[PDB]
């Protein structure tokens, strides 16, 4: 989308995976969807260094709205859970130097069953721009035909544009056309800042693998259409929650950098382990994700339960990820020829190699015909960065 936004993948925090549609503030005041929850997160996004690492969008997913529209056709923030309304919440977020994201749906209802934006796109767009919303996640639930889906997403895109406010526009569009309708990604890119490609993520390794394999399998279709202003969205980071082992967490962070994915954490920032904080705030990895060239990586090869993914970076550099898919045994040795990496330009005549994950370590110079050995944990990933020695010497 040509609105000058998301020139690098959007980063931030989205409540859904971690907190869901919890409406019981009586029994569960600390994890129900309320203005208090988002204020706490906003405070912490600053004080814990999340903003400094780059995460600046505090995003409300589903279940923020009251059951009915008001007498002027507007969506209403739930009276009990958001008594001070969205506007004040937006103001609070802006004062912390952050931006605010909200959620709506292209159909008659949101996925959780609350009011949809069908036949209200213009009204709803204006309401968001007025409050000071900076990002809209637009979901594809309860849409009766593919035609309405298309028009709806297109309509909201232009409806937002007319308001004159900069709003990052996030579309579940292509996800709702699977598998028997090929989405037009040229078309989707024209109207969206990023787009959800596949099924909802959850707190599991099964989900991550499912997402990775879908991406890699369909890579020819989706990789090249991504770039500054328009990204593929493999969904929220679930690092720091409950369902992933440490190695699986590392795999997500690494691969999301490779895929030039938006980085939306969905976790409890009040209760997050120091390791997780460190991984999610890793400077070097975030830098790979945020690489200004903005070219999405891809799976280079697979076999023997190993996977090699690579991504071209600005300054003729390269990120390379190696995944151990074998879910039995211990750290498994893997050896690749550096000549295979980066279409054979990366290490010609040579390249310097730094490991970024699971730990940072400078591995040194590897010439054009040399081999690299690593040991990768079951379900883990090794992430590397390759500087070409020709480029390196140039100032």
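Positions refer to the first chain, counted from 1.
Taking the PDB entry as given, 184-192 carries the higher mean Cα B factor of the two stretches 264-272 and 184-192. In this entry, 339-347 has the higher mean Cα B-factor, the comparison being between 47-55 and 339-347. Based on the entry's C-alpha B-factors, the most elevated value among 137, 277, 209, 162 belongs to 162. Ranking 95, 232, 281, 290 by the C-alpha B-factor listed in the PDB entry places 95 at the top. For residue 67, the recorded CA B-factor ranks within the middle third of the chain. Only modelled residues enter the ranking.
Annotation for residue 371: CA B-factor lies in the highest third of the chain's modelled residues. Sort the chain's modelled residues by C-alpha temperature factor and residue 127 lands in the middle third, per the entry.
Residue 145: CA B factor in the highest third of modelled residues in this chain (values from the PDB entry). Per-chain ranking of the deposited C-alpha B factor places residue 113 in the highest third.
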